[PDB]
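Here's the structure we're looking at; comments come further down.
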Amino acid sequence: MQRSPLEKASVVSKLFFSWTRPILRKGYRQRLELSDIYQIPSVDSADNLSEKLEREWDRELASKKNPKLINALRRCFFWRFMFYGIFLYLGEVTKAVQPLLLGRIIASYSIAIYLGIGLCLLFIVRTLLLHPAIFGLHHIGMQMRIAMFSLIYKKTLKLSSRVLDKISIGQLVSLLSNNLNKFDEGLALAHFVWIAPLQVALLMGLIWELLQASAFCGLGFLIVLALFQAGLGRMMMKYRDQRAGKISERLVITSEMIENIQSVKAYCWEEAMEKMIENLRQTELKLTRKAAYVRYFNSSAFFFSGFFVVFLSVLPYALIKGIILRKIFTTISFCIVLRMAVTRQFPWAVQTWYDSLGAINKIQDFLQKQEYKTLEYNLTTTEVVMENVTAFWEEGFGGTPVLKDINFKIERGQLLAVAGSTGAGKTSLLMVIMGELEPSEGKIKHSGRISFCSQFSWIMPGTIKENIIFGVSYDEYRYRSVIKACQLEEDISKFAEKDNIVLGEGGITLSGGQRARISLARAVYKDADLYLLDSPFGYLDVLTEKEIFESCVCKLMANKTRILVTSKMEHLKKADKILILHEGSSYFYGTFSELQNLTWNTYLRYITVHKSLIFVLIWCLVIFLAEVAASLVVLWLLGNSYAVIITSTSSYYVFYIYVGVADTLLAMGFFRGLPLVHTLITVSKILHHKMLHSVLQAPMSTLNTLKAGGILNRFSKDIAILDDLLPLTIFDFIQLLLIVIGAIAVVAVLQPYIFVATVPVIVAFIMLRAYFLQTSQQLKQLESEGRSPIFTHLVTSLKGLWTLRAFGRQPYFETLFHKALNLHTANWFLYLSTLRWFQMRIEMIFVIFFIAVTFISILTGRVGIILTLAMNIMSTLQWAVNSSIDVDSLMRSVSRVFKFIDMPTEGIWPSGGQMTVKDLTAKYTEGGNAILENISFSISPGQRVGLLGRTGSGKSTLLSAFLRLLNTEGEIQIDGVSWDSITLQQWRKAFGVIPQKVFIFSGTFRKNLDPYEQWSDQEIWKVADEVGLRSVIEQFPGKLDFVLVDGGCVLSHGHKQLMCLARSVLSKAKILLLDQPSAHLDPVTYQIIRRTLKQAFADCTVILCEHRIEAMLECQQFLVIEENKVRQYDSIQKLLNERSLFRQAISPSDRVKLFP
Ligand SMILES: Nc1ncnc2c1ncn2[C@@H]1O[C@H](COP(=O)(O)OP(=O)(O)OP(=O)(O)O)[C@@H](O)[C@H]1O
Ligand SMILES: Nc1ncnc2c1ncn2[C@@H]1O[C@H](COP(=O)(O)OP(=O)(O)OP(=O)(O)O)[C@@H](O)[C@H]1O
Ligand SMILES: CC(C)CCC[C@@H](C)[C@H]1CC[C@H]2[C@@H]3CC=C4C[C@@H](O)CC[C@]4(C)[C@H]3CC[C@]12C
Ligand SMILES: CC(C)CCC[C@@H](C)[C@H]1CC[C@H]2[C@@H]3CC=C4C[C@@H](O)CC[C@]4(C)[C@H]3CC[C@]12C
Ligand SMILES: O=C(O)c1ccc(/C=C2\SC(=S)N(c3cccc(C(F)(F)F)c3)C2=O)cc1
Ligand SMILES: [Mg+2]
Ligand SMILES: [Mg+2]
């Protein structure tokens, strides 16, 4: 990463942007390598930028009664903003004085050589004044966006738990996405809000020089046009506000359904998901089309006022006194500049100010939210004391408190066991202790140092070692002792690079017990006064749980204050204190002694998506050609008081007025533009549908390589550019191309020498564009790819917020966010610099060619007229060449969308339910190690099978291999029907599967239980009562109509397990594949699963995986996974007698049941 060459660039080198020549050469010849990227300047660093803005905003907050972020932004960049605006205005005056000089030349036809030299000198100054100032404005905008992004992230980690619930990741990601690249380049257009009125005043004086008070009619026409455009912009801002919330909701749902894709595939819910997304897109697209209709009219004002302004300006003068055609010809040159200023530069600047002030107001609104607070003592005894503590989940109710008068006291070094049934408030008690839930009555008192292990494991991107260390120094002895105690040596040995294997966020490649043990190891590794643990042994088998409980809790952490949630009697035996809760009330508190007593291919693909687009383009081309023919015959007809036309002189001026009106003669009306934007917005709808379908049909081996931030990137930014930015960019490019072509045809016949000179310029522009785009496309692709790490870090940090706050690693996460910000900044800065170089060089070619043409014309009557015509043609060519670069920039998102669309595809009878398996081998990757090898067994119809094995052995791998969700190789048959014979949909429809990872999406209770809307509320209530969900469901304001958010955050773990059981009961399948249905349930609640298994699945084949022993009392066949091989048994007593350690680890109640 070589230091930026801009650092040691000379004054002339910085002025002409000539330090970008190396990167251009390298990109032109070869594909860019990593070593070709340069370090960001030391001014653009996120750390320093955010530190400055934080100082100014912190001063504003305390100082003022009405803090506003605009004052802090003013104090950081006001003088640089104005500095660049001064030179911008200076360069805009040159565009206004140039017509004056042209008119003096025309009227004069020795003075004309001096006039030509001065006109040629104006071009040079305009180039050295505008391009350096425009780039300085883009730099200010970039620095403002970085500092605002850093302040937002630092606020996110301080948000309160009560306000967290309402803020969604969709809203968070939409905020950043809107101003990601827009805010930076909006800075250049802002100064025109005051520059344009001054240009109007100067131009009005210069037009009074000729037409006296007659110019005020054209001025009034332009004023009415400006009021019309203001109304149009006001109307445009209305729809986008309506659309924002729908967009955020769509993003939330798409992200959740992509995260739980294996559950979606197992349930065969792809069609319901697609239907929901299409329902949201209909509503969004209705407002998108309305906004596009309005923006078309706003963008057609410049091209339709051309004839009207000139005609109105000269008409009163002509009606009072005879006018000469020379004056009429001279008025068009001023009118072009004035129209451009009134109908294009002023309204765009006003819209820029509106959007920027709105974005800054939204950011301030976010920055003034409610924050997290807590209290502790350094002089405490390292005891934990709770005194009559009552807690309310909802702040408004504090209704029914979740906890009521909880009392407990523990001195340093003793254990406190916390028992109770589902929904009793154990996790809530831990939350109150952590300070995330503020009590309504009572007070908690401990020392601040706390270590937490959540009931739902959290994982972050990086190696296993990085996860355990979590941001502190690496201690070899401590790390090895913790690894040994947590029983992770056996499992880490299997990995290729040991613990150095990189883990995807959320631990997608690990088993549930492995994720639980990694989280436990992280907590054990941290040194703290208190250790909060929530169901750490839930996903583990009995022998592993016993080993961890003895070696990690009762040996490794003997002299630590500890709290442990457990429902096991063996675990309650060793606890110094016991606290039994029930429905948020202290049923019991005391010892166990007291309890016992009790490329152009992209352009082609885009154009041919929809037939309507082809028809519309053909229609527009046909009408263009008809207009060109009409103009030609009209010119031929003219060839063969109110006005003063003489055959001797000024008869020639007529044709040149006609060419002067070409901008309005060739403009697209509402019969050619509205259909063209409508059809492009149809193309966008089609592409989004295709992309979603491909993603949902892709194989898992392909889906497990994607990053949540990358999929969010593609579904948030790319879709928006196609929906809004691309349609009107293409409209403007088409308009400019048409005008240029028609003008070239008509002007060649009048003066041939203009045509034989326009082509050299066109050739030079084409060659330069082709040279530039080779490198600019590679920089654009890099920039587009640079946003995924930012989105991914945002998603991960929002997922692990309670753990981050509990441990205290906020500085570490802020550092990593700044790293990703700098990564995006490097590529964005390089892309903007190369773009400025290209535009500066295009202007230099224009200046050179005009100098040559003007000097040759002066060396060799109609010279001034020909100069005017030439300048109009060349300026329109430059405008079109810049619009083409914009369009090419926007087509890279089309290419990315097509890349995601081109993903590979994944790939009566159910009666007895009999199943045969023969020589089955399963792996996750081609050329990878086989998790299972040489499987073979048989299952009789209507029989119960118990699947057993140590954590991380391949039970979920076998259940996935049944559904063919990974690489499979063998023969499985059901009722004598091979899985090869029938389609994958048919094969998967015969299984009722309960996944180990629960999938709750954002939507109503009955939608969560029934996405296809086939069952009736009576049957749904019957099933809900059948699985003990009536009480839970009827505790919310909407019974079956309450909307769950944040993946069922208002539900407990056991409640989610019961919802999955209810889904499986609603499905009526002959074969059932259950994957640990009782994960964190107490034996009382397990009676539900027992009754349901015996009654609901009365005549069905059942393959039950479960680490619980009582469940093994309800099975006849047994399949034990060991060393990648499954051994078959028919008696659990025979199975246990062969294994000593497992039988020794069986609890006394379990062995009382097994052996009576
Ligand atoms: N964020 C929340 N907002 C509102 N209510 C909640 C929230 N989280 C849990 N609850 C409710 O508070 C009660 C206590 O739930 P909690 O998670 O503390 O139960 P638990 O005893 O830990 O259960 P489990 O044994 O399933 O882990 C439940 O009725 C639950 O629906
Ligand atoms: N997507 C994956 N890619 C590669 N290896 C995987 C993937 N998922 C799981 N594994 C590996 O397969 C092995 C078995 O995992 P599996 O989830 O089948 O275990 P399990 O016996 O069901 O464990 P648990 O009792 O924790 O549910 C583990 O070593 C795990 O790391
Ligand atoms: C040909 C004769 C009759 C007309 C003369 C018109 C006069 C008023 C015009 C011609 C050139 C103009 C100046 C050109 C450049 C600038 C620099 C700018 O930063 C402020 C306006 C200012 C200072 C203009 C003021 C008006 C001006 C002096
Ligand atoms: C905002 C700034 C830049 C523009 C100020 C407007 C200036 C340039 C305008 C306002 C009044 C105008 C003058 C009005 C009348 C005449 C008489 C004419 O025989 C020569 C030009 C001359 C002298 C004009 C020159 C330009 C002028 C001075
Ligand atoms: O600074 C900028 O971006 C910038 C600068 C200059 C322009 C000039 C333009 S636009 C347009 S239309 N015409 C025009 C007018 C009458 C006739 C013709 C014909 F027929 F010859 F093509 C073309 C121009 O002269 C646009 C933008
Ligand atoms: Mg819990
Ligand atoms: Mg598993």
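Residue names in the structure tokens use chain letters A, B, ... in the order shown, residue numbers from 1 in each chain, and ligand numbers from 1 in the order shown.
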List the neighbours of residue 674 in chain A out to 12 Å using only C-alpha atoms; skip same-chain residues closer than 5 positions along the sequence, and give me the result as a ChimeraX atom specification. /A:289-297,299-300,613,616,620,668-669,679-681,727-728,731
Could you turn the residues from that selection into a file that holds N, CA, C and O atoms, as a short mmCIF file (atom, residue, chain, number, x, y, z; two decimals), in the first residue's frame?
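This is the output file part_39.cif:
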data_model
loop_
_atom_site.label_atom_id
_atom_site.label_comp_id
_atom_site.auth_asym_id
_atom_site.auth_seq_id
_atom_site.Cartn_x
_atom_site.Cartn_y
_atom_site.Cartn_z
N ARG A 289 -43.37 4.76 -9.93
CA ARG A 289 -43.84 5.21 -11.24
C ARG A 289 -44.42 6.62 -11.19
O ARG A 289 -44.18 7.41 -12.10
N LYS A 290 -45.18 6.96 -10.13
CA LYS A 290 -45.68 8.33 -10.02
C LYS A 290 -44.54 9.35 -9.96
O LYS A 290 -44.56 10.37 -10.67
N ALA A 291 -43.53 9.08 -9.12
CA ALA A 291 -42.41 10.01 -9.01
C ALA A 291 -41.67 10.14 -10.34
O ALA A 291 -41.24 11.24 -10.70
N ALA A 292 -41.53 9.04 -11.08
CA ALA A 292 -40.87 9.12 -12.39
C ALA A 292 -41.67 9.96 -13.37
O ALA A 292 -41.09 10.73 -14.16
N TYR A 293 -43.01 9.83 -13.37
CA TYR A 293 -43.81 10.67 -14.25
C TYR A 293 -43.56 12.14 -13.96
O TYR A 293 -43.42 12.95 -14.89
N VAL A 294 -43.53 12.52 -12.68
CA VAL A 294 -43.30 13.93 -12.34
C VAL A 294 -41.90 14.38 -12.78
O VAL A 294 -41.73 15.47 -13.35
N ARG A 295 -40.89 13.56 -12.51
CA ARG A 295 -39.52 13.94 -12.85
C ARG A 295 -39.30 14.08 -14.35
O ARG A 295 -38.45 14.88 -14.76
N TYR A 296 -40.05 13.34 -15.18
CA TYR A 296 -39.94 13.54 -16.62
C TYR A 296 -40.25 14.98 -17.01
O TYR A 296 -39.48 15.63 -17.73
N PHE A 297 -41.39 15.50 -16.54
CA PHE A 297 -41.76 16.87 -16.85
C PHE A 297 -40.76 17.85 -16.28
O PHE A 297 -40.44 18.86 -16.91
N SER A 299 -37.65 17.36 -16.09
CA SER A 299 -36.44 17.27 -16.90
C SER A 299 -36.67 17.62 -18.37
O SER A 299 -35.71 17.59 -19.15
N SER A 300 -37.89 17.93 -18.77
CA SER A 300 -38.15 18.34 -20.14
C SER A 300 -38.33 19.85 -20.30
O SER A 300 -38.65 20.30 -21.40
N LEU A 613 -39.85 -2.30 -24.37
CA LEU A 613 -38.72 -1.39 -24.52
C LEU A 613 -38.27 -1.32 -25.98
O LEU A 613 -38.01 -0.23 -26.50
N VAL A 616 -40.85 0.70 -27.96
CA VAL A 616 -40.78 2.13 -27.67
C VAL A 616 -39.57 2.77 -28.33
O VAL A 616 -39.65 3.87 -28.89
N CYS A 620 -39.64 5.80 -31.13
CA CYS A 620 -38.91 7.06 -30.99
C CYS A 620 -37.97 7.30 -32.17
O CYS A 620 -37.89 8.43 -32.68
N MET A 668 -38.13 15.48 -27.31
CA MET A 668 -39.10 14.40 -27.15
C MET A 668 -40.29 14.90 -26.34
O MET A 668 -40.12 15.45 -25.24
N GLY A 669 -41.49 14.70 -26.86
CA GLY A 669 -42.71 15.11 -26.19
C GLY A 669 -43.19 14.06 -25.20
O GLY A 669 -42.47 13.12 -24.85
N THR A 679 -41.62 1.88 -19.26
CA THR A 679 -41.12 0.57 -19.64
C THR A 679 -39.80 0.22 -18.95
O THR A 679 -39.57 -0.94 -18.58
N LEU A 680 -38.92 1.21 -18.76
CA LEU A 680 -37.69 0.93 -18.01
C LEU A 680 -38.01 0.52 -16.57
O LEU A 680 -37.41 -0.44 -16.03
N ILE A 681 -38.97 1.20 -15.93
CA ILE A 681 -39.36 0.79 -14.59
C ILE A 681 -40.03 -0.58 -14.58
O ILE A 681 -40.00 -1.28 -13.56
N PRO A 727 -33.52 5.08 -15.19
CA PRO A 727 -34.50 5.46 -16.22
C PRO A 727 -34.31 6.86 -16.80
O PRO A 727 -34.31 6.99 -18.01
N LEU A 728 -34.15 7.87 -15.96
CA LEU A 728 -33.97 9.26 -16.36
C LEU A 728 -32.55 9.58 -16.82
O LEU A 728 -32.38 10.44 -17.69
N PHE A 731 -32.93 8.56 -20.30
CA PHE A 731 -33.74 9.54 -21.02
C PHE A 731 -32.90 10.74 -21.47
O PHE A 731 -32.97 11.15 -22.64
#
Write as a list in words the residues around ligand 7, taking 6 Å as the cut-off and counting only C-alpha atoms and all ligand atoms.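 The residues near ligand 7 are residues 511, 512, 955 and 956 of chain A.
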Same residues, N, CA and C atoms, saved as a PDB file, in the first residue's frame:
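Saved the output as selection_1.pdb:
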ATOM      1  N   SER A 511     -21.778 -27.060  14.631  1.00  0.00           N
ATOM      2  CA  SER A 511     -22.952 -27.612  15.283  1.00  0.00           C
ATOM      3  C   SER A 511     -23.368 -26.729  16.460  1.00  0.00           C
ATOM      4  N   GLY A 512     -24.596 -26.947  16.935  1.00  0.00           N
ATOM      5  CA  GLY A 512     -25.116 -26.139  18.026  1.00  0.00           C
ATOM      6  C   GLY A 512     -24.349 -26.304  19.321  1.00  0.00           C
ATOM      7  N   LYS A 955     -25.314 -36.044  13.515  1.00  0.00           N
ATOM      8  CA  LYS A 955     -26.744 -36.333  13.556  1.00  0.00           C
ATOM      9  C   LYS A 955     -27.528 -35.388  12.646  1.00  0.00           C
ATOM     10  N   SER A 956     -27.270 -34.083  12.752  1.00  0.00           N
ATOM     11  CA  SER A 956     -27.892 -33.139  11.831  1.00  0.00           C
ATOM     12  C   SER A 956     -27.422 -33.368  10.401  1.00  0.00           C
TER      13      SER A 956
END
Would you name the residues within 8 Å of ligand 3, counting only C-alpha atoms and all ligand atoms, and put them as an NGL selection string? :A and (89-90 or 93-94 or 97 or 100 or 202 or 205-206 or 209)
Environment of ligand 1 within 7 Å, counting only C-alpha atoms and all ligand atoms, reported as a PyMOL selection string: chain A and resi 393-394+402+420-429+1049-1055+1080-1081
Find the residues near residue 85 in chain A: any atom within 10 Å, counting only C-alpha atoms, skip ones fewer than 4 places away on the same chain, and give them as a PyMOL selection string. chain A and resi 79-81+89-91+130+133-134+136-137+188+190-192+194-195
Please, could you write that set of residues out with N, CA, C and O atoms as a tab-separated table (two decimals), in the first residue's frame?
chain	number	residue	atom	x	y	z
A	79	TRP	N	-15.58	27.76	5.85
A	79	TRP	CA	-14.66	28.61	5.06
A	79	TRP	C	-14.11	27.92	3.82
A	79	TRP	O	-13.88	28.62	2.85
A	80	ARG	N	-13.86	26.62	3.86
A	80	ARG	CA	-13.49	25.90	2.64
A	80	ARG	C	-14.64	25.88	1.64
A	80	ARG	O	-14.42	26.07	0.43
A	81	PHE	N	-15.87	25.66	2.12
A	81	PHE	CA	-17.03	25.70	1.25
A	81	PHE	C	-17.09	27.03	0.48
A	81	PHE	O	-17.20	27.05	-0.75
A	89	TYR	N	-18.03	30.77	-8.97
A	89	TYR	CA	-18.72	31.91	-9.56
A	89	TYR	C	-17.85	32.62	-10.60
A	89	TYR	O	-18.33	33.01	-11.68
A	90	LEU	N	-16.56	32.81	-10.28
A	90	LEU	CA	-15.66	33.46	-11.22
A	90	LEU	C	-15.65	32.73	-12.56
A	90	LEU	O	-15.64	33.36	-13.62
A	91	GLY	N	-15.64	31.40	-12.52
A	91	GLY	CA	-15.63	30.66	-13.77
A	91	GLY	C	-16.97	30.65	-14.48
A	91	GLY	O	-17.03	30.49	-15.70
A	130	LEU	N	-12.88	26.11	-13.05
A	130	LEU	CA	-14.02	25.23	-12.68
A	130	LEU	C	-13.57	23.85	-12.20
A	130	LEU	O	-14.02	23.45	-11.13
A	133	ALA	N	-12.01	23.67	-8.68
A	133	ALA	CA	-12.97	24.02	-7.64
A	133	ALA	C	-14.01	22.92	-7.45
A	133	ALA	O	-14.43	22.65	-6.32
A	134	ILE	N	-14.45	22.29	-8.53
A	134	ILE	CA	-15.46	21.23	-8.43
A	134	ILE	C	-14.90	20.04	-7.65
A	134	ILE	O	-15.61	19.42	-6.85
A	136	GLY	N	-12.54	20.19	-5.33
A	136	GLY	CA	-12.46	20.58	-3.93
A	136	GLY	C	-13.79	20.46	-3.21
A	136	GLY	O	-13.83	20.22	-2.01
A	137	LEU	N	-14.89	20.64	-3.95
A	137	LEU	CA	-16.25	20.54	-3.35
A	137	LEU	C	-16.57	19.06	-3.10
A	137	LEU	O	-17.15	18.76	-2.04
A	188	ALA	N	-21.30	19.95	-5.16
A	188	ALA	CA	-20.93	20.79	-6.29
A	188	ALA	C	-22.09	21.64	-6.78
A	188	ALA	O	-21.88	22.76	-7.27
A	190	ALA	N	-24.53	22.96	-4.94
A	190	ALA	CA	-25.19	23.74	-3.89
A	190	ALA	C	-25.04	25.25	-4.11
A	190	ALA	O	-25.98	26.00	-3.84
A	191	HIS	N	-23.88	25.70	-4.60
A	191	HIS	CA	-23.62	27.14	-4.71
A	191	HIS	C	-24.48	27.82	-5.76
A	191	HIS	O	-24.60	29.05	-5.76
A	192	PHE	N	-25.08	27.05	-6.67
A	192	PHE	CA	-25.86	27.68	-7.71
A	192	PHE	C	-27.13	28.33	-7.18
A	192	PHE	O	-27.69	29.18	-7.87
A	194	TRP	N	-27.29	30.64	-5.09
A	194	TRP	CA	-27.02	32.06	-5.16
A	194	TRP	C	-26.27	32.47	-6.41
A	194	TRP	O	-26.28	33.66	-6.76
A	195	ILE	N	-25.60	31.54	-7.10
A	195	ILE	CA	-24.91	31.91	-8.33
A	195	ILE	C	-25.90	32.20	-9.46
A	195	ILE	O	-25.72	33.15	-10.22
Near range 890-905 of chain A, within 7 Å and counting only C-alpha atoms, which residues show up once chain neighbours fewer than 3 positions away are dropped, as a JSON list (two decimals) with N, CA, C and O atoms, in the first residue's frame?
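The file below, part06.json, is the result:
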[["chain", "number", "residue", "atom", "x", "y", "z"],
["A", 602, "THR", "N", -23.77, -6.73, -21.83],
["A", 602, "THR", "CA", -24.62, -6.25, -20.75],
["A", 602, "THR", "C", -25.71, -5.32, -21.28],
["A", 602, "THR", "O", -26.89, -5.46, -20.91],
["A", 690, "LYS", "N", -36.61, -12.06, -10.84],
["A", 690, "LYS", "CA", -35.72, -13.13, -11.29],
["A", 690, "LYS", "C", -34.59, -13.38, -10.29],
["A", 690, "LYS", "O", -34.24, -14.54, -10.01],
["A", 691, "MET", "N", -34.00, -12.31, -9.76],
["A", 691, "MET", "CA", -32.89, -12.45, -8.83],
["A", 691, "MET", "C", -33.32, -13.17, -7.56],
["A", 691, "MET", "O", -32.62, -14.07, -7.06],
["A", 694, "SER", "N", -33.81, -16.95, -8.31],
["A", 694, "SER", "CA", -32.51, -17.66, -8.45],
["A", 694, "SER", "C", -31.88, -17.88, -7.07],
["A", 694, "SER", "O", -31.41, -19.00, -6.82],
["A", 697, "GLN", "N", -33.53, -20.68, -5.23],
["A", 697, "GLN", "CA", -33.35, -21.99, -5.83],
["A", 697, "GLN", "C", -31.90, -22.49, -5.84],
["A", 697, "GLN", "O", -31.66, -23.61, -6.29],
["A", 698, "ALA", "N", -30.95, -21.70, -5.35],
["A", 698, "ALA", "CA", -29.54, -22.05, -5.48],
["A", 698, "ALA", "C", -29.16, -23.17, -4.52],
["A", 698, "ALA", "O", -29.83, -23.40, -3.51],
["A", 699, "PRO", "N", -28.08, -23.90, -4.81],
["A", 699, "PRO", "CA", -27.62, -24.95, -3.88],
["A", 699, "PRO", "C", -27.00, -24.37, -2.62],
["A", 699, "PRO", "O", -26.50, -23.24, -2.59],
["A", 718, "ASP", "N", -28.25, -1.73, -5.55],
["A", 718, "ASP", "CA", -28.40, -2.01, -7.00],
["A", 718, "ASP", "C", -29.87, -1.87, -7.41],
["A", 718, "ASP", "O", -30.12, -1.21, -8.45],
["A", 726, "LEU", "N", -31.40, 5.08, -12.99],
["A", 726, "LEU", "CA", -31.13, 4.68, -14.40],
["A", 726, "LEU", "C", -32.19, 5.17, -15.42],
["A", 726, "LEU", "O", -31.77, 5.64, -16.48],
["A", 886, "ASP", "N", -21.73, 8.93, -17.37],
["A", 886, "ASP", "CA", -22.67, 8.68, -16.27],
["A", 886, "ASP", "C", -23.46, 7.38, -16.48],
["A", 886, "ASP", "O", -23.62, 6.58, -15.54],
["A", 887, "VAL", "N", -23.96, 7.15, -17.70],
["A", 887, "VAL", "CA", -24.73, 5.94, -17.97],
["A", 887, "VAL", "C", -23.88, 4.69, -17.80],
["A", 887, "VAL", "O", -24.32, 3.69, -17.22]]
Residues within 7 Å of ligand 5 (only C-alpha atoms and all ligand atoms), as a count of residues only? 17
Can you pull out every residue within 12 Å of residue 156 in chain A, counting only C-alpha atoms, but drop anything in the same chain fewer than 6 positions away, and send it as a PyMOL selection string? chain A and resi 149-150+163-164+167-169+172+363+366-372+794-795+797-802+804-805+810+813-814
Emit the selected residues as a CSV table (one decimal), in the first residue's frame, including N, CA and C atoms.
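Generated output (selection_4.csv):
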chain,number,residue,atom,x,y,z
A,149,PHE,N,-21.0,9.3,9.4
A,149,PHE,CA,-21.2,7.8,9.6
A,149,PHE,C,-20.5,7.3,10.9
A,150,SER,N,-19.4,7.9,11.2
A,150,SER,CA,-18.7,7.5,12.5
A,150,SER,C,-19.5,7.9,13.7
A,163,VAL,N,-35.6,1.3,23.5
A,163,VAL,CA,-35.7,1.9,22.2
A,163,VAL,C,-35.1,1.0,21.1
A,164,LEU,N,-34.3,0.0,21.4
A,164,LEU,CA,-33.7,-0.9,20.5
A,164,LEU,C,-34.8,-1.6,19.7
A,167,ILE,N,-36.1,0.2,16.5
A,167,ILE,CA,-35.2,0.5,15.5
A,167,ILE,C,-34.8,-0.8,14.8
A,168,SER,N,-35.0,-0.9,13.5
A,168,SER,CA,-34.7,-2.1,12.7
A,168,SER,C,-33.5,-1.9,11.9
A,169,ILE,N,-32.9,-3.1,11.5
A,169,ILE,CA,-31.8,-3.1,10.7
A,169,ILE,C,-32.1,-2.6,9.3
A,172,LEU,N,-31.8,1.1,9.6
A,172,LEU,CA,-30.4,1.5,9.8
A,172,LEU,C,-29.6,1.4,8.5
A,363,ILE,N,-30.4,12.5,10.8
A,363,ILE,CA,-29.2,12.0,11.6
A,363,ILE,C,-29.2,12.6,13.0
A,366,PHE,N,-31.7,10.8,15.1
A,366,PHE,CA,-31.1,9.5,15.6
A,366,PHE,C,-30.2,9.8,16.7
A,367,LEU,N,-29.3,10.8,16.6
A,367,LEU,CA,-28.3,11.1,17.6
A,367,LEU,C,-28.9,11.6,18.9
A,368,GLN,N,-30.2,11.9,19.0
A,368,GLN,CA,-30.8,12.4,20.2
A,368,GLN,C,-31.8,11.4,20.8
A,369,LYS,N,-31.4,10.1,20.9
A,369,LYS,CA,-32.3,9.1,21.4
A,369,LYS,C,-31.9,8.7,22.9
A,370,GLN,N,-32.6,7.8,23.4
A,370,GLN,CA,-32.4,7.4,24.8
A,370,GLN,C,-31.3,6.3,24.9
A,371,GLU,N,-30.5,6.5,26.0
A,371,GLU,CA,-29.3,5.7,26.1
A,371,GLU,C,-29.3,4.8,27.3
A,372,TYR,N,-28.3,3.9,27.4
A,372,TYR,CA,-28.2,2.9,28.5
A,372,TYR,C,-27.4,3.5,29.7
A,794,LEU,N,-22.0,-3.8,10.4
A,794,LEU,CA,-23.2,-3.2,11.0
A,794,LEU,C,-24.1,-4.3,11.5
A,795,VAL,N,-24.4,-5.3,10.6
A,795,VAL,CA,-25.3,-6.4,11.0
A,795,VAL,C,-24.8,-7.2,12.2
A,797,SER,N,-22.7,-6.3,14.6
A,797,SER,CA,-22.6,-5.5,15.8
A,797,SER,C,-24.1,-5.3,16.4
A,798,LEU,N,-25.0,-5.1,15.5
A,798,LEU,CA,-26.4,-5.1,16.0
A,798,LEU,C,-26.9,-6.4,16.5
A,799,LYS,N,-26.3,-7.5,16.0
A,799,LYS,CA,-26.7,-8.8,16.5
A,799,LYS,C,-26.1,-9.1,17.9
A,800,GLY,N,-24.8,-8.7,18.1
A,800,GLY,CA,-24.2,-9.0,19.4
A,800,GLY,C,-24.1,-7.9,20.4
A,801,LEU,N,-25.1,-7.1,20.5
A,801,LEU,CA,-25.1,-5.8,21.3
A,801,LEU,C,-25.0,-6.0,22.8
A,802,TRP,N,-25.8,-6.9,23.3
A,802,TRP,CA,-25.8,-7.2,24.8
A,802,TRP,C,-24.5,-7.8,25.2
A,804,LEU,N,-21.6,-7.4,23.7
A,804,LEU,CA,-20.6,-6.3,23.5
A,804,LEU,C,-20.6,-5.3,24.7
A,805,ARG,N,-21.8,-4.9,25.1
A,805,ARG,CA,-22.0,-4.0,26.3
A,805,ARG,C,-21.5,-4.7,27.6
A,810,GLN,N,-16.5,-2.0,23.2
A,810,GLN,CA,-17.0,-1.0,22.3
A,810,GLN,C,-15.8,-0.3,21.6
A,813,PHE,N,-14.7,-2.6,18.7
A,813,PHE,CA,-15.6,-2.6,17.6
A,813,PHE,C,-15.6,-1.3,16.8
A,814,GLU,N,-15.4,-0.1,17.5
A,814,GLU,CA,-15.3,1.1,16.8
A,814,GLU,C,-14.0,1.2,15.9
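Once only C-alpha atoms and all ligand atoms are used for the distance check, the residues close to ligand 2 at 7 Å turn out to be residues 491, 508, 509, 510, 511, 512, 513, 514, 539, 540, 924, 931, 949, 950, 951, 952, 953, 954, 955, 956, 957 and 958 of chain A.
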Would you kindly return, as JSON, numbers by chain, each protein, DNA or RNA residue with an atom no farther than 12 Å from any atom of residue 228 in chain A, considering only C-alpha atoms and excluding same-chain residues fewer than 3 positions away? {"A": [221, 222, 223, 224, 225, 231, 232, 233, 234, 235, 294, 297, 298, 301, 342, 343, 347]}
